[PDB]
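The block underneath contains the structure these notes are about, expressed in structure tokens.
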Amino acid sequence: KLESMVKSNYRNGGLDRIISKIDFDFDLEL
Amino acid sequence: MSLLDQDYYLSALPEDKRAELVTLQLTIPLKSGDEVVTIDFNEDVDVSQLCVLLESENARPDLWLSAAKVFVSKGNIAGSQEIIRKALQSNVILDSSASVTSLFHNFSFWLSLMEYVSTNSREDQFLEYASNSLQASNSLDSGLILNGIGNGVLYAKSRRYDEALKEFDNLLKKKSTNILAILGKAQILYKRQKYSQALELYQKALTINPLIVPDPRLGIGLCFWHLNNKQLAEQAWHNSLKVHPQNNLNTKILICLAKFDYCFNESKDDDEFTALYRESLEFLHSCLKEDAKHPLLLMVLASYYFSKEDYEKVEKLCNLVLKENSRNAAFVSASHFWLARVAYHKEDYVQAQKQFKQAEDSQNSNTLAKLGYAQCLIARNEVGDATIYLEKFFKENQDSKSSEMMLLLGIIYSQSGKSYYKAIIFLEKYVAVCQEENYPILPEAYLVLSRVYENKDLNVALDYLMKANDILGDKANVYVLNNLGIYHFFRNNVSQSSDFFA
Amino acid sequence: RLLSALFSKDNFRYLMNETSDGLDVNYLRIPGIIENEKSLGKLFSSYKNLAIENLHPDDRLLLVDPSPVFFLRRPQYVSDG
């Protein structure tokens with residue numbers, strides 16, 4: 001069932017939306 | 001079990017190789033006789049005063065070159081050059097044989113090489129200085145194998161791989177225990193993409209010397225990455241970090257990239273993906289607290305910030321990387337790719353296509369840049385130009401596993417119609433690649449295959465449509481059900497056609 | 001999102017070319033190879049006392065072929081008796 005479980009939003013193309021749900025603050029110089 | 005650290009291979013070695021080799025205090029006899037002076041290198045040692053004292057007491061050249069080595073470890077390349085130059089002016093080396101002068105000339109050659117490595121600029125000037133020093137060393141003493149090693153490294157930097165390989169063959173004929181010869185040979189073979197031969201050479205170097213600088217385990221991890229055994233690569237990189245916890249941030253960078261790859265290709269669920277991605281971001285930020293101006297880290301973070309709709313900061317980092325690392329073409333290609341991706345949201349199709357072309361010209365290995373270039377050609381409605389470009393790319397790269405390129409080729413050929421067989425081949429290859437990668441097969445490819453097979457084989461079209469319906473599940477549309485019903489009607493399956501029509 | 005999936009597939013393959021900075025070999029980096037003029041030979045003969053057995057087990061696990069058997073003897077010339 002691991003073959004069907006691994007198929008999810010990021011594989012379908014919602015990777016950018018998933019990353020957008022992850023918020024983190026960096027020490028950027030720019 | 002026994003702890004894997006530097007202290008393990010220290011305790012394996014005798015105490016002579018433990019304590020003496022890492023001494024930070026240098027003992028210098030005086031010219032007055034039995035009097036000696038001990039100077040600790042932990043304190044701020046002045047180059048000029050130490051050189052004047054050494055010249056006055058006329059100490060052995062071993063102390064001069066050891067002080068030069070320590071100042072190399074301190075990063076004082078100019079100070080080490082001053083030490084070498086004043087050593088050549090010292091009475092001891094002038095009264096010694098030409099072997100000592102040749103050794104110090106080779107040390108100056110290594111100083112020029114280290115300056116080139118630490119700056120990655122003024123390559124021609126430092127190479128000429130190093131070549132002159134090495135030529136002087138060879139003329140004064142041609143029997144030193146270190147001169148041959150330096151010649152091989154000089155050929156390798158100038159991409160004269162054949163002559164360097166011949167020099168390393170001569171060195172191997174002289175002796176098979178030369179670790180530096182094995183490392184240089186493996187570096188050349190890796191440069192010639194002979195990963196397996198370099199992997200055996202790296203393993204041999206690791207077995208001979210686990211405490212040799214440069215670290216063979218980095219090359220072993222690179223070879224494991226080339227052989228897809230990235231788990232062993234990460235394990236060897238962790239062992240390398242244990243052995244070398246300082247001045248080895250590149251190992252941490254490779255570990256972060258491997259962790260990102262593992263998160264991308266192994267996360268079984270969205271929550272696990274989020275956890276692994278956040279862990280990779282935290283590890284990358286922790287590595288950034290030591291060096292905050294490393295261009296590769298900014299390039300990696302640009303992907304995350306592009307996914308965060310922070311296009312402005314992506315542009316700032318890309319321009320900064322272009323300004324600093326314009327010598328490296330890969331960073332120029334990556335920055336142009338990210339600028340084109342940013343401009344794609346703005347729909348600057350001409351500007352994005354030009355940026356993709358510049359990225360392609362900078363680094364031809366960027367397949368994503370060429371695919372984005374084809375996408376921009378589609379965006380400007382240049383169907384024929386995109387088709388010709390895609391055919392050229394496919395014929396040049398028939399072994400490349402670009403599944404989306406083949407899917408796009410199949411869709412384009414289906415739109416053309418006359419090239420239906422090429423569409424069948426490309427869509428079947430796309431299906432096979434997706435099955436091998438355990439990725440969700442797009443049902444649109446199955447619909448296109450069914451449309452193509454309508455004029456060839458109704459059975460194959462019906463089977464592909466059934467597979468597409470099973471993939472969609474509840475996402476089945478009216479067109480798919482109607483075509484299934486018509487297929488069963490032509491198949492004289494009255495009951496199944498009636499059910500599909502219902 | 002198609003280009004995002006392509007980026008995920010490719011990841012950072014062609015960005016590992018710059019990461020070859022560890023391949024460069026320099027004589028002055030090793031601390032104990034230079035302390036005496038013949039320290040290179042001393043270090044080369046210091047590891048002949050060591051072998052695969054002295055290696056750490058995890059590093060032994062890193063030596064993967066890209067056990068002896070009782071019925072393969074090493075040839076001799078004088079025998080015994």
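Ordering of the structure tokens sets the chain letters (A, B, ...); residue numbers start at 1 within each chain; ligands are numbered from 1 in the order shown.
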
Return the neighbours of chain B among the residues of chain C, cut-off 7 Å, counting only C-alpha atoms, as a ChimeraX atom specification.
/C:6-8,11,14-15,19,22-23,25-26,28-32,34-37,44,47,52,54,56,62-63

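For residue A:12, the non-local neighbours within 9 Å, defined as residues at least 6 positions apart in the same chain or in other chains and counting only C-alpha atoms, are residues 439, 440 and 442 of chain B; 1 and 5 of chain C.
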
Can you spit out the residues from that selection as an mmCIF file, in the first residue's frame, using N, CA and C atoms?
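What follows is the written file result.cif:
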data_model
loop_
_atom_site.group_PDB
_atom_site.id
_atom_site.type_symbol
_atom_site.label_atom_id
_atom_site.label_comp_id
_atom_site.auth_asym_id
_atom_site.auth_seq_id
_atom_site.Cartn_x
_atom_site.Cartn_y
_atom_site.Cartn_z
ATOM 1 N N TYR B 439 5.412 7.374 -9.791
ATOM 2 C CA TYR B 439 4.763 8.672 -9.856
ATOM 3 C C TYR B 439 3.367 8.539 -10.461
ATOM 4 N N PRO B 440 2.416 9.389 -10.061
ATOM 5 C CA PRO B 440 1.043 9.279 -10.586
ATOM 6 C C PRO B 440 0.980 9.578 -12.078
ATOM 7 N N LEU B 442 -0.452 10.648 -15.459
ATOM 8 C CA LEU B 442 -1.495 11.587 -15.860
ATOM 9 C C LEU B 442 -2.509 10.880 -16.758
ATOM 10 N N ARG C 1 3.473 24.335 -12.504
ATOM 11 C CA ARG C 1 3.695 23.172 -11.649
ATOM 12 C C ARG C 1 4.393 22.034 -12.382
ATOM 13 N N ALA C 5 7.571 20.103 -10.925
ATOM 14 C CA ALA C 5 7.783 18.658 -10.878
ATOM 15 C C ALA C 5 9.086 18.265 -11.564
#

Residues within 12 Å of residue A:9, please, as an NGL selection string. Count only C-alpha atoms; anything in the same chain fewer than 2 positions from it doesn't count.
(:A and (5-7 or 11-19)) or (:B and (267-271 or 273-274 or 439-440)) or (:C and (1 or 5))

Contacts of stretch 424-428 of chain B at 6 Å or less, counting only C-alpha atoms, minus same-chain residues fewer than 6 places along, as number ranges by chain?
B: 406-407, 410
